[PDB]
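From first to last, the protein sequence lines stand for chains B, A, C and D. Residues in the first sequence are numbered consecutively from 8, following the deposited numbering. Residues in the second sequence are numbered consecutively from 8, following the deposited numbering. Residues in the third sequence are numbered consecutively from 8, following the deposited numbering. Residues in the fourth sequence are numbered consecutively from 8, following the deposited numbering.
Number of protein chains: 4
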Amino acid sequence: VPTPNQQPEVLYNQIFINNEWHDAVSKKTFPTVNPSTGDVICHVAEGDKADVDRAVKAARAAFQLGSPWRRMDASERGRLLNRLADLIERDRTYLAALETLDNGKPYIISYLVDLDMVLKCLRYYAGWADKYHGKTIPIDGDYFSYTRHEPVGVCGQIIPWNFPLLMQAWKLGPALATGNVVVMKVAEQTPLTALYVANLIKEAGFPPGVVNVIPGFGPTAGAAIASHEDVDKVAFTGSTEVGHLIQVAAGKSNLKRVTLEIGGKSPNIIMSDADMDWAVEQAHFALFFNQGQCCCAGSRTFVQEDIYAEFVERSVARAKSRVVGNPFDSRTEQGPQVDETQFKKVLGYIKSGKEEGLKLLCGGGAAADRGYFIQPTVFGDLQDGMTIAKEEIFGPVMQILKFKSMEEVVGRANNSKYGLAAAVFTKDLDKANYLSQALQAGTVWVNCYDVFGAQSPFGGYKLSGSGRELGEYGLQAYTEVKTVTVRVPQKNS
Amino acid sequence: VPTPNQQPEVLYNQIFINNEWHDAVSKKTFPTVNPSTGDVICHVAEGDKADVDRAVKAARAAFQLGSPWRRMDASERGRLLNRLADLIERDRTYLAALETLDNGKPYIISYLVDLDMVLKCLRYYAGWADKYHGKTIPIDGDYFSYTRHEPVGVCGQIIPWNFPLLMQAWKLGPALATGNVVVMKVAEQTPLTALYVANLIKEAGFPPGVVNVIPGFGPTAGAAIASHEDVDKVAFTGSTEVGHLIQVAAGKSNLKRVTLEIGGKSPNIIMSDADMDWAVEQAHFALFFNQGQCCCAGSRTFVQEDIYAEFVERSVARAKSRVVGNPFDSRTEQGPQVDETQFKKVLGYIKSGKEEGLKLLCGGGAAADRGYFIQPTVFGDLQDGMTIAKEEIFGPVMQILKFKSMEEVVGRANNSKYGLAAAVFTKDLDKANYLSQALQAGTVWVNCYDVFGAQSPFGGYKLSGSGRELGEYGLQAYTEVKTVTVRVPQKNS
Amino acid sequence: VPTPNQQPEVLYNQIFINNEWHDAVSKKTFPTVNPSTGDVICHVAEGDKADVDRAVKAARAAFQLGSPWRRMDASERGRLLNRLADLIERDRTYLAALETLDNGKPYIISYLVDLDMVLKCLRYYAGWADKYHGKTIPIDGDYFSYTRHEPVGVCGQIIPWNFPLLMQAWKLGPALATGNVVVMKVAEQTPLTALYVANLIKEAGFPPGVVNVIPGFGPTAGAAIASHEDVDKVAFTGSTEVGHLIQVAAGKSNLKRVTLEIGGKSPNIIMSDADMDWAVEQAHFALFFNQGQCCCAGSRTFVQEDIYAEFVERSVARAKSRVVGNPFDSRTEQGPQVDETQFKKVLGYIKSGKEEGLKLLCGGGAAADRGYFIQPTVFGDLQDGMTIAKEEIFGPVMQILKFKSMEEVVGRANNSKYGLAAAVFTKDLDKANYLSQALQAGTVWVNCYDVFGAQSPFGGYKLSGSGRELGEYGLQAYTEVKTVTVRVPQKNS
Amino acid sequence: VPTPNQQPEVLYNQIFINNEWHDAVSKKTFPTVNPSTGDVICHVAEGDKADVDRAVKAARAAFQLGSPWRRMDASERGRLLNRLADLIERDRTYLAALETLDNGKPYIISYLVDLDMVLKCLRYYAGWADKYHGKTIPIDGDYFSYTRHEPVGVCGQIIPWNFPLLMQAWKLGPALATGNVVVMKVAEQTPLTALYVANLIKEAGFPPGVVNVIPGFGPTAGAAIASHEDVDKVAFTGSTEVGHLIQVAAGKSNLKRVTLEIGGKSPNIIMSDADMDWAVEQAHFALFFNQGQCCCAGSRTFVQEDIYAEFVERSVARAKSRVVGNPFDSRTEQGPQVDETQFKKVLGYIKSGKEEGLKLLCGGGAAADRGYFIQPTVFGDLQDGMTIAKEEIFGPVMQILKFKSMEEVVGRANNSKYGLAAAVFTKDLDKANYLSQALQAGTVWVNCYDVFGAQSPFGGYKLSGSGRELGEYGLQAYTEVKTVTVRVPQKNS
Ligand SMILES: NC(=O)c1ccc[n+]([C@@H]2O[C@H](COP(=O)([O-])OP(=O)(O)OC[C@H]3O[C@@H](n4cnc5c(N)ncnc54)[C@H](O)[C@@H]3O)[C@@H](O)[C@H]2O)c1
Ligand SMILES: [Sm+3]
Ligand SMILES: [Sm+3]
Ligand SMILES: [Sm+3]
Ligand SMILES: [Sm+3]
């Protein structure tokens, strides 16, 4: 991994509309902070409804029948998505460092994980551009019926701050591959990298208006997109709380298509026959990954009684060794929580757990006096009714529950409003299969966790979402089907 | 066509839950009227939230992992759907007669069109039960990734009164084929036929709880389903106005999946090289079909100037010959409008058109003093800004507009909030191709209209809906994808 | 199971062409024998090239563009396939008894297994008729490219005698569902049942010429189809030896499409962790099923040393209790071998095994002096180089080999020219996964054997075939793709 | 178009096996000639059975389970294909020049057409690598059935000389995208470019043994692959004559999978309402393109009598202006015929036509005394029974036939053993629709010709082939389906 620049230059910090950078109509700006220090990195333009409106107009124009983007070859769309990937790889070290600076996650991770996954995502959807065929349908009568899978139109895409570059990639990949136009609202906590990529979009040769990126706040620029009378589809990734708002906004207005990838409280079921060493390390990763700031985190580790104590002993030991520190330090495994708000938020949960009567196995407190660092906390002997066993903590706080039978664990694991993911650690074939099928989750990892693939769909089962976001499934939400039934002289098979 | 019984006996008039008939919790009932006479056919149980809740519980139970329906083989689901089809065909004369008595549409149509389309739909989806495969995905790393296309859960389906039996079949086919459970709310204006088929479902051998039919009112039983914390998905077909409500209800509550098949103001573009005889008859059919009570009706007939006068003269002549009368009379082409409220509503539009300054070419008034009959009205020389040229009349009121160029007609045709369908009559290949691609509609009929096929998707492009309802596409909304990524010792191609 | 008629009346015994029964052009006939007695059931007309040519002519005519069959709705094709299934079910008792009478297999099997699987197959493909869509392709340039999945043409289908009715159904289902015409050659050992179904085809309402069934001999009628200048595609199921002949014939002549489903030597790998009770019973079933006359039979039972002795002991015990007798007796598990030729052939193999130096664990000799009955033989301590461990015996002769490691078993199991199927019995997830992927077989059963599903494909990996025969895959070989690229004034997404 | 090097350096002229260049086992070589001069470009190694065997071994090893290639991620396969495309583009000018030097086609065409199509094809299939999913099948009973789309194995691919680089790309694209290994036999008349790309494969980072290129002769190296006991599948593109041989070879040997892309005699139907200017130029292109050396050339131009005379007059004038000359001259439209053998072969046909009694409208003779140049010949008033109207000329010799009705032209156009392509020029929608469905051709071009797209399949209907070569269809032939049915404790929907 290339040596990063612990202070990457911030080259772009405005609103990107029509391959041009401009300030907010109000000239307002908001600060972005480096979570590791608490110092302001720079000031980004504060987009609002006016800027959203301007962007939507730009996007609508770019989507007009006969525009370069509409007329462009599907193959060339894939070409552009690949060119974008190339530029991103060219600037891999810069983007990784900027990501870590803006987000807090370990540089090594931003580089080897995030950027790799961004590249693999864009490159994956570049190949889908000219392969998402429609169908010729054998209708009754003397007709020739077929379907056109055309773009849904102007797509509003709102993303969170946990995986800035990646969440952007997840949205842009299928949207652009299907020939859609975009008006994206990036998280105010981490806007720096998306803006840089926005410029790479221009450099890649994307037609003006195709991708519009607007930095700003939620109920401001985000809501402006959600209830816009000219945004055809909205893709939202964030809190379940805001998810409700997004959906309600669509109903009250444009009646635009909605897809939501939201919160979770994923159960991590460990059976007695599970390989301990593996089950332990993966259980650690499943929850602490990305400062515990992951939607599909295994927030409820259900360990079978026969191995509970042992597992617990090992989980605590691993949490005890987990190195928290400067994101840029090669040996730092845990960086700071994205921001103070999230910092105090997490601590509030640690407080709740202790108060509701939980076995605090690892120190639940700040790890430093400067950045927003929190100690890898592990709570033992959890009860389903406890807040920390119900609510998404989104911080390095592990919950370890004990179960006896599978009949029992299935019911318990499924007893949640969330249903984004789950995992099963077992050596037995039948137990793996039975559980996979019984768990009401968008993704069930067997003998592993957090395994993401551009080719495999991701999504929620209940209040954790609707619609899938990767693979061929990711193209569906970005397609408007058109049936054309033509009368023919005489139909034949 | 078998001679019907002008007065079919109403055998079922209660709430169907768990293969059993019960009265409403409140014991309240509401009358159902025969639009041809204005007399009450009988009184149906008035379902409300309480009944909806009891139906949802029955549905949830039927969906329980390990229940007969869950464990049932996909093939047997197809068997049950076919069995249902057979029983419906067995009772074809009865159901067509009852349909006509409760709805108003001509008996010949109920029999040859509706009932035929009902059978073709169910029989089509019976074949999909065991064929909607999931996928094995070539993911990166040593894993085995695949997807499970599982049922979405408890499906709430709300249908209108224009095609009672058909709208029900449109909903039940894909829902049942995919292994889902149903809580259906039937239109208060025409509940009788749905209830009969409800019992046929029991007789077919469908497990109790799988399909629950609730007769009642909209803001009552309908809203109860839309905002239910235990209904996983809602499928709505009705007005765009109510559609907003359905979507907002979902966001404020369960965040359930939503699909909307709503209103329209479909344009019927007639080019000068169109075969007159055909273009005229089909343009007549396009708007007057089913008492003009059709979502995708060609409510805006744009005739190219070069043939405008001639076309209009023939349109009016055709309207003048259109026989309005007793739906049971074999020569009756037009029955009465579903109910007085719709009656008064249609006349209100004829009034608007006149006042807005339109060429009333065919008498716009009642056609009788008994039932709810209205004269096949034809308005000529319409202007896009006129209400009747903007709003969905849903009655036998034809609007004929004139255009010069295609560039112009494309823009005008597309100038609408709706986008459910459209059609183009031409002998020219390039004009057919160009327009079909240019019209923002879920269905574009070329040289025909109202051609529906169980195998071809149907849906709206803007405020006319979201999601498709037929063909393979009709299965999507009823599927919940599950990605199972299993770690393997060593992956190989 | 309905009490059969020990002596079913043979109603049809000629050549079926154009919904009509006629004798062979030569008026020749050949006898069909009841293997349980050795007595002639009746005499069937002997078709040859002359009759095949007449049939092909009939088929070609029925395939003419504009014929009722070509113009027929895809849904109607499905309707006809369903009608055929219904009639077959109506005559289930008769067909089962006739099957047993002419084949030898136990009546209970013919009824509960064969006939059920025939119904399930036809019913499955009925649903495929109107669902095998083509595609609209997003080609570069101003074009509208799409594909038509049309019938391949005149299909010659040659079947074996092991599962008469079933093999017929496997061929007819996909052929007719895709709109093709048929020229079928039925096994001279068991032509009776196929002929009866042939007439049910007529009764179902199938257009004349669409399905032509020709009873006769191999190098006679079979070869006549194989090298016919007007047969578009040949589907063969038989011996690997004849398979070579069929493909060579195609290349020599019409260059028609070829698919072969041939012989096997399927390995059954039982690992130490396997549940004995089940592994032993399924291992018994995997080999002895249908008088050991099954292409995918587990002809090489590789038992892991740690449980070899124990396993063998039980295999033998089960072999010893295996009831061989009158197919019509409820207690009969094993009927006679199809015919004398196969009887002597099987005995030859038992002879071989003994001479090759094998542990004869169960008597390898005739079980009666009347019909063609053979004692369920079990050979222990087999060596890969032994003929009985190499060649397809096709009789109740069990081979039990011993293995130590997976690495070793994989290589050994794969060391065969055949590759039709394999099975793995384990409780371990990783072993199941690893083996499934490592075994070069068209079907790998895990913890079960001979599990067939109309929805899952079946086929060979090497000298055991080419192409798949069930599920959606079974439609491929019966489809001819046509790309239509039309010039459009202006292409848009 | 960059100025080429009229004498590009030949850097590679040996056999490529294991990313290494070696001479033939016999040390024999054969000359490769420049058709424009008749002078020898250089000497290439003459591969034979021995070298094929060597290559097969290399490929077999590269395909071993656990190999870098077998273990490689499908995405990485796509990455390698894209890497190869980049290297090919990097050397576009060199490759174009070398292609022209060894083939004879105009440099401008090699550059803007051939190389462009080469890049487009490879880049297209790069995207397929991780997208050709298998499926999870809803089988009956307590099982989990799914399919694995695995590589077929060692693929032998034999290509002709008309589009050297492109034919290679058509084979390599799907083969490599699906994870297969290759043993390719390149045309003795034009081996130079394939060999250079062979080295670029090495440079791209492809594992050794994955692609082996062998220059040599047909009945020698070609047949050695066709009848190899270890080549799992053979893909052939060449003459129908040799096609028979290839298929026969497969049947006599390994029983390997076969796909043939062979000769044609495509009809070009021009209706009276066809735009003359366009129909005339397209008709010219359709036959003369690539020195008339194109499999799907419109060698039977059926002009509707009403426009016959006029069309012919225009066709002749066009042929009369067609510039034949030095392939490297910007003004050259027609280069020399690949080789003397083909040169005399074409002249033989011109002699035939004259003798058969045809209207020689344009000089049917050599165009120069140096290279292999032939004058753009046009024969008028052709009769279906004439040799030149039946046999593939494969040179610049146009056949113009006259027809009266559609019914007539359909039957005539279809009266051929070939069925590779066809075209229809009409302004009428119904005529276009009717004919497209009526013509038995793998591709029917409407108002255009020779329009190829990596996304749309190409193939023959009769003696012109079997199987398709582009789009998703191109992956089918390179996939081996494996059904894995696992027993599960309890199956649920
Ligand atoms: N893959 C499968 O689906 C499948 C299924 C069942 C059986 N089989 C295989 O079939 C064989 C058992 O059946 P069989 O003894 O009847 O096979 P067989 O080769 O002797 O003959 C089978 C069919 O082909 C015909 N035929 C025979 N010789 C012919 C020739 N020279 N040219 C053209 N047609 C000819 C026969 O008359 C009969 O109709 C075994 O190899 C078994 O494994 C395969
Ligand atoms: Sm927030
Ligand atoms: Sm209402
Ligand atoms: Sm034989
Ligand atoms: Sm040759």
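Yeah, the Cβ is synthetic: ideal placement off N, Cα and C, and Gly gets one too.
Item                                                                                                                  : Value
For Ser-473 (chain D): DSSP bridge partner residues                                                                   : D:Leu-267
C-beta neighbour in chain C for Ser-412 (chain A), strict 9 Å                                                         : no
For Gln-341 (chain D): DSSP bridge partner residues                                                                   : D:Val-331
Limits of the beta strand (DSSP E) - the one that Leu-408 (chain A) falls within                                      : 404 to 410
Residues in the stretch 72 to 97 of chain B having any Cβ partner in chain C nearer than 7 Å                          : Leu-72, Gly-73, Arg-77, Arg-78, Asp-80, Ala-81, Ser-82
Beta carbon of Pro-11 (chain D) nearer than 9 Å to that of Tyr-153 (chain D)                                          : no
C-beta atoms of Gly-460 (chain B) and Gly-426 (chain B) nearer than 9 Å                                               : no
Neighbour list for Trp-452 (chain C) in chain D, Cβ cutoff strictly below 7 Å                                         : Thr-492
Closer than 7 Å at the beta carbon, the chain C residues around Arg-264 (chain D)                                     : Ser-473
CB contact below 9 Å: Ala-430 (chain B) versus chain C                                                                : no
Any C-beta of chain B under 9 Å from that of residue 4 (chain C)                                                      : Nothing about residue 4 (chain C) can be read from this structure; chain C reaches only from 8 to 500.
Own chain residues within Cβ distance below 6 Å of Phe-151 (chain D), not counting five before or after               : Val-493, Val-495
For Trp-452 (chain C), three-class secondary structure by DSSP                                                        : strand
Uninterrupted beta strand (DSSP E) stretches inside the stretch 281 to 324 of chain B (no shorter than 3 residues)    : 307 to 311
7 Å Cβ cut-off: residues of chain D touching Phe-296 (chain C)                                                        : Result: empty, since nearest Cβ-Cβ is about 16 Å, beyond 7 Å.
Check: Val-495 (chain D) C-beta below 8 Å from any heavy atom of ligand 2                                             : no
For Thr-308 (chain C) and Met-405 (chain C), believed in contact at Cβ under 8 Å, the rounded distance                : 7 Å
DSSP beta-bridge partners of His-156 (chain B)                                                                        : B:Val-488
Residues within the stretch 109 to 143 of chain A neighbouring chain C, beta-carbon criterion of under 8 Å            : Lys-127, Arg-130, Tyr-131, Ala-133, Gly-134, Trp-135, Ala-136, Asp-137, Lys-138, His-140
Contact set between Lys-259 (chain C) and chain B, taken where Cβ atoms lie within less than 8 Å                      : Going along chain B, no residue has its Cβ under 8 Å from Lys-259 (chain C), so there is no contact; the nearest lies around 30 Å.
Cβ contact (3+ pairs, closer than 8 Å) linking the stretch 91 to 100 of chain A and the stretch 110 to 126 of chain A : yes
Helix, strand or coil at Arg-97 (chain C) according to DSSP, with G and I counted as helix                            : helix
Closer than 8 Å: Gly-245 (chain A) CB and nearest ligand 3 heavy atom                                                 : yes
Heavy atom of ligand 3 within 8 Å of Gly-225 (chain A) beta-carbon                                                    : yes
Neighbourhood of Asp-80 (chain D) by C-beta, 8 Å cutoff - its chain only, sequence neighbours within 5 removed        : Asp-137
Residue interval of the alpha helix (DSSP H) (run including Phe-350 (chain B))                                        : 347 to 362
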